[PDB]
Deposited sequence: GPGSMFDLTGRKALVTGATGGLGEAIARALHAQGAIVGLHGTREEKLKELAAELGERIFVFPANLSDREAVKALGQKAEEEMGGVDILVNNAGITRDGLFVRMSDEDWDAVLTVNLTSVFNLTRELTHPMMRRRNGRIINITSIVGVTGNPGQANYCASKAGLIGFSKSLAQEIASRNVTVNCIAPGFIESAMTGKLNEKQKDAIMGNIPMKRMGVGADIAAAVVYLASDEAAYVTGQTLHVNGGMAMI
């Protein structure tokens, strides 16, 4: 069958979150062996139990650089080699830029970009040694449009794309692709305002993003690298 991920090992960060969970479900549904990263092992273990077999659980605080490294090493070790890394864990520290503290900036950049750097660095050379890999970075519509109140988040998510393109160029000839998915507004006055800019006039759901992950993760998407797949109900058209 097509887009079959049977036997592929996938690590999904922020897997307890709505998107992470959906992504983890789709990969699992496609035969993947899925490592669920989160901060709280209890919640991860529940997801693990609800999904069933072919699941690993890997708690780690992604703001802790040594724990990010240990996470990559542990997932790589216990899964017997990670083939698919889904960098999905992200944080926001929303707020107007002029009120934006160093910590709100630093926290978002550290988790959303630097932790991704480090986790990816743990797994990239292993994937190239195996001459097969998928790095799939969950960015946001907002990394390409901008969004007020999100100078930090936008910088990190845009940075994540730039990071991805560079890495893509570097490791492409070794059969590791690196791509981004840019969710629009996903179910997780204000709503109507956002909805007004969505041609489809519905929120996204985790499964919208999860299917794009499976697509990118698949053997069939081996010729796709350095790309940003916009899954956003037409909210921004690239």
Please report every deposited-sequence interval that has no C-alpha in the structure, sorted by position. 1-3, 192-199
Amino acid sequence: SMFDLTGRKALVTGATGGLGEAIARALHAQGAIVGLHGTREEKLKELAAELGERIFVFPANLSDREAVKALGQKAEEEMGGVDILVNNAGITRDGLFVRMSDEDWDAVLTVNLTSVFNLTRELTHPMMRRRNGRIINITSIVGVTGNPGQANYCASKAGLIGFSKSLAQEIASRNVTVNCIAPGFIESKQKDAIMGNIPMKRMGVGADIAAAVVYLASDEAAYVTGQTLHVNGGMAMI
From here on, numbers count along this sequence of modelled residues.
For the C-alpha atoms alone, is the average B factor greater in 42-50 or in 168-176, going by the entry? 42-50
Should the higher mean CA B-factor in the entry be assigned to 157-165 or to 68-76? 68-76
Using the entry's values, work out which of 137, 101, 120, 145 has the largest Cα B factor. 101
Top Cα B factor in the deposited entry, candidates 26, 34, 209, 195: 195
Ordered by C-alpha B-factor within the chain, which third holds residue 84? Give me lowest, middle or highest, please. lowest
Taking the chain's C-alpha temperature factors as the reference, tell me which third residue 15 falls into: lowest, middle or highest. highest
Ranked by Cα temperature factor within the chain, is residue 237 in the lowest third, the middle third or the highest third? lowest
Split the chain's modelled residues into thirds by Cα B-factor; residue 2 lands in the highest
